[PDB]
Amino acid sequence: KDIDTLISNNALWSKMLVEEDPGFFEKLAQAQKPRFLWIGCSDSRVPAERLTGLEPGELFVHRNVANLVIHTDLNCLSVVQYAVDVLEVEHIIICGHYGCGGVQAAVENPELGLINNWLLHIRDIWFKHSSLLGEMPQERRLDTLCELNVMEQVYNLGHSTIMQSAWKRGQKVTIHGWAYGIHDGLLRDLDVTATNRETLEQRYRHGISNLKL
């Protein structure tokens, strides 16, 4: 595939739609305001639209390596603030994927360059739950950390001032932590769904303790 190859595909796809529904493009124009925010990995092993059946225009999408929500990352925080405060999305979905290249690179700690500093936030989670992962067999640890990371990012997101402000002013926003595998593409709900400050805590604590079993 070269750049020209992708360009030609774009023109064809454009023509095909006009022939079938020349009003489609019109539709998107007036497609309201997205009601969901997708925070996913830059791997994008399966795009969010195929996984969820969501159409172009009802998804606000941000993607970074290993789908992180760092307390001081203005990139992700600007997305969250713009979605929550301006677009007023009602659901924020943090979704990781088993086999993530970033999560595994975090654990094996190879000299990869600038990215290693970003992956240290995941390694912090690795050691934070050093006990929990210890109770599990080695093979099932890299997948569990992937679920552990997603729960942590939600916790973080719920602690940021953007989310805390919305919940205190009564805005209806709900945070969800999901994961899917390339073995079946099936979304697994990690059960950390939060709608206010108190549920964020209880969900996170119960999420971790439930993994102990």
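In this text, residue numbers run from 1 along the sequence as written.
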Tell me which of 116 to 124 and 135 to 143 has the higher mean C-alpha B-factor in the deposited entry. 135 to 143
Pick between 26 to 34 and 179 to 187: the one whose mean CA B-factor in the entry is higher. 26 to 34
Pick out which of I39, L148, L54, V173 has the highest C-alpha B-factor in the PDB entry. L54
Select lowest, middle or highest to describe the third in which the CA B-factor of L200 falls within its chain in this entry. middle
Comparing against every modelled residue in the chain, figure out the third that the C-alpha B-factor of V46 lands in (lowest, middle or highest). highest
Would you mind ranking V61 by its C-alpha B-factor against the rest of the chain and naming the third, lowest, middle or highest? middle
Going by what the PDB entry lists, where does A194 fall on CA B-factor within its chain: lowest, middle or highest third? middle
Of the three thirds of its chain by CA temperature factor, lowest, middle or highest, which one includes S8? highest
